[PDB]
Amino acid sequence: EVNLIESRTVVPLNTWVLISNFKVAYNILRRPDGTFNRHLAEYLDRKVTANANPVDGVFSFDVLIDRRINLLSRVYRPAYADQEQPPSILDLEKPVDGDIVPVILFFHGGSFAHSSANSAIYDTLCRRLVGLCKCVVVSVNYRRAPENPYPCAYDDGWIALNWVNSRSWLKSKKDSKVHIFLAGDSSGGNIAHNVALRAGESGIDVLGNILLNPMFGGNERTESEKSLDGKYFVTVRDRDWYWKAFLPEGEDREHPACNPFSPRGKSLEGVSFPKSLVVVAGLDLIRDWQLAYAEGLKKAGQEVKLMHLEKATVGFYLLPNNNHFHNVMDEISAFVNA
């Protein structure tokens, strides 16, 4: 039955190895009964520490945003100009220099159960964002399901957003305000959407959202789900598993946390919502849900830029060896600096 020749035809071999390795490892971590092998998961994951020493013009440091829950976030910044010595622990919060200095609050993917801000795949992505967008990136180490399900991840994002918005050293010279952009791939994209909703209801104005292959769903089995199931790394079976681990007991996929345009979700008509850049991989089995999301925003009168990469798969942005990565990074930079 198993034949993976098809998925190898659409991606570079090293990309195929990376995503397939996660695919097989995650099969082991997810248990039929709904439990998760957290110990093995954290052992297998490849992690990296922060580093005050600039590498490729980027340095980083970790911050404890909230002790009660041990919420950490990693800050990435471009190397200081005219730096005679590397940054000491007292030089990490040096006021940003620039009339307009965008700050991207990033939420990693992993379907709400996998990865951390210090996972190498995400530390590398954030470093690339800093250099390709010329900005500061703050990556949130949000709590994961099934141990910490809905709404824990959203709450962590809210706490992180307030922390970022209140940093005096992150204020732009122009308007003395922190220019915030929310970004995230997979579940991180879902978190960005929901944090943005809460932001608008408060006094925080997010300038824009960047969603990469955002994780959304619903009770209905879309055509893309039925046709692409198991062909390109993802299966409807694992999608169902992650939704069940994240959503409240007894809930279904029409819960607003899963389907932002569910009948249960609040209308976005005439709401203060930031402009959005929605990237959809054509070979991502939940493509139809993602396309419906972009259309939902447009229909609600929100500003939305849709990038439908018909031959891209999940994880295309983890390696800089394909045109999808290049095209998307170009648009992200244009979006943030517009």
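Start at 1 and count along the sequence shown; that's the residue number.
For the pair 13-21 and 323-331, the mean Cα B-factor is higher in 323-331. Looking at mean Cα B-factors across 194-202 and 228-236, the upper value is held by 194-202. Per the deposited record, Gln302 carries the highest C-alpha B-factor of all listed residues (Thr49, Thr313, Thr35, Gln302). Take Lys244, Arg128, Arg143, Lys266 and read off each C-alpha B-factor from the entry; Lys266 has the highest. Looking at the C-alpha B-factors along this chain, the one for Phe106 belongs to the lowest third.
Ranked within its chain, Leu92 lands in the highest third, by CA B factor from the PDB record. In the deposited entry, the Cα temperature factor of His114 places it in the lowest third of its chain's modelled residues. Ranked within its chain, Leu291 lands in the middle third, by CA B factor from the PDB record. Ranked by C-alpha B-factor against the other modelled residues of its chain, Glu147 falls in the middle third.
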